[PDB]
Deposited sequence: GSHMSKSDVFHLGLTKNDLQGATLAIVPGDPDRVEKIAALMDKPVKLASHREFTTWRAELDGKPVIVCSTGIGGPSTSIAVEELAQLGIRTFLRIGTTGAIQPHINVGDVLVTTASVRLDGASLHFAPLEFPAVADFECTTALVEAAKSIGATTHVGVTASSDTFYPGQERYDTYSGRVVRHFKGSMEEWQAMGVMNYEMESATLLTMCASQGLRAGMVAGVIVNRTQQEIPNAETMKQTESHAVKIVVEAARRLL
């Protein structure tokens, strides 16, 4: 093993430069099976890595897990293995009334409500997606004819209080995040998720291309085929970036 956590060698990658990074290690199989020749490489902790072939080119699918910390481990160790392009596919909760469940969202940049992004760049540095990756995701979304929204995402280090969920054990939200969802809503923030800020910050500050796409399964103001549309987009976008 060349890496500390993923349990992979540079040879296992077969010269892959692009990697599709879902949050769920159980989704890794689903995405890899859509491409030609799916092969399981290694499964350690929350990192399941599958190698596939797209247009005659080797492509890596590797889970990041929930949150910036394990995302930062996976992305760094994949970069050590030779990956230059990272395309994230996630689930999301929309906070705008006009965004329906089932919609696909392309993130231009993220509100940094995480801690790991700070370990790569100070807060003033924008958690911006790569322009070529964003273009490929937008054009791929139009290719399969999905309802798409492009804009800013709030990337939280937590699922509950940082997304202002009150349906909890304590039933309280710390002062800092009290009324925060309404603030993001008025600022035109589309949605909540938990990985983008870290991924986009660490890639844009280290000379790596990164894209972010998500499927809406819940709208906070108001499931199978939702992932089907999004997975088809991230694979189609990968075709354009190879």
task: Could you please spell out the deposited residue ranges that have no C-alpha entry in the coordinates?
output: 1-6, 229-236
